[PDB]
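Form deposited in one PDB entry, single chain, as structure tokens, below.
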């Protein structure tokens, strides 16, 4: 709470303000999760209650699909696991609510259980969340209804559903204020709601970073903050040019960024770096390849749900072949396809393929992103772990050290993830 304040940020609604100075790597505040969910694919790898990544995980006898550190965690998570335990077994293979429906069901359960202001709502309350209901078109309003139907379909037993479709308000609120809990390699662990953290506005030049210590959100300065200065995070991936960033912010958050980077368009020429080839491309040759680039990102986005790894790798190489003609290999659109391919090799357990892609990525990655970037820290981590795994321990230790350098600021020097990497350098 201390040394910070809620205020009306002009043309940004409510926001967070500093009342004291903050230095690079300082914890402004922590926020316990108000409501949270462990992602289906991480069940058994982490405790459902505290999110501890351990090996001696005790399975829920009643459903065989919830794992905990012990019985104390099992007991504590029951008021929330109660919502899914029996349904999972009764519906079996037919149990498929989206993580949004899963999280929203828990928000409804927390309101029944704890109607009072929670210690997660010191400055902002879930009830007070911005919905953007008024800007929702007929397509978006319909998607919320598909999700309201699922909430009724699967969580009808223990929940008393509110008013009309003032559930449309709750779903829109989660869509606009919800959080994704990622791991040290930026892999999806789950979804949560953090009220006080949701008060911070967006900047493509963030002065803070949100990291997670179990289910607790921690906010640390990645730039020096002086009194009266507004505290800003990044809502989106900062690799992309101004237009791309702004299309994402408009679609998901109903606003346009007017920050230094968006006003100036500084990193745009380097991000979409054109080959300095004998006879230039032409204005329309760039614009046609950028239209092709965006299309292939989205085509791969779709494809990955239904194509084989080799089919998926072919898309990467053939996209990079067509674009190679116009675009430099440092070009963000080239980097995207290389990252995707690295991801495919990792899945196939092709460690050399993944390492040979990661090396091509890291240098332009560091350049296109800010100084302390989780995107670059995790890329150093994947590289260090690929090196260490393949027995190239010199290069592994250097890449792992590079990761730790960023993490000491973003995660804090005393973070479990950092003690884990240090123990990776000690043994192997």
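Shifts are known only where both forms have a C-alpha. By rigid core we mean the largest C-alpha set that fits within 1.5 Å across both forms. Positions refer to the first chain, counted from 1.
The form solved in complex with a partner chain is left out here; the points below concern that form.
- Query: 210, 272, 225, 123: which sits within 4.5 Å of the partner chain in the deposited bound form by any heavy atom?
  - Reply: The residue in contact is 210.
- Item | Listed residue (322, 248, 307, 127) with a non-hydrogen atom within 4.5 angstroms of the partner chain in the deposited bound form | The residue in contact is 248.
- Item | Segment that reaches the partner chain in the deposited bound form - one of 162 to 170, 323 to 331, 273 to 281, 180 to 188, heavy atoms within 4.5 Å | Result for this chain: 180 to 188.
- Task: May I ask you to state whether residue 344 is within 4.5 Å of the partner chain in the deposited bound form, using heavy atom distances?
- Result: Heavy-atom contact with the partner chain at 4.5 Å: absent for residue 344.
- Residue contact check: residue 285 to the partner chain in the deposited bound form, 4.5 Å heavy atom: Residue 285: no, not in contact with the partner chain in the deposited bound form.
- Interface membership of residue 303, the partner chain in the deposited bound form, 4.5 Å heavy atom rule: Looking in the deposited bound form, residue contacts with the partner chain do not include residue 303, since no heavy atom lies within 4.5 Å.
- Query: For residue 60, is any heavy atom within 4.5 Å of the partner chain in the deposited bound form, or not?
  - Reply: Although the partner chain is absent here, residue 60 would stay clear of it in the deposited bound form, with no heavy atoms inside 4.5 Å.
- Is every one of 22, 219 and 260 within 4.5 Å of the partner chain in the deposited bound form, counting heavy atoms? No, the candidate spot makes no contact with the partner chain.
- Where does the chain move between this form and the one not shown, taking runs of at least 3 residues whose CA atoms all shift 2 Å or more after fitting the core? Moving stretch: 163 to 165 alone.
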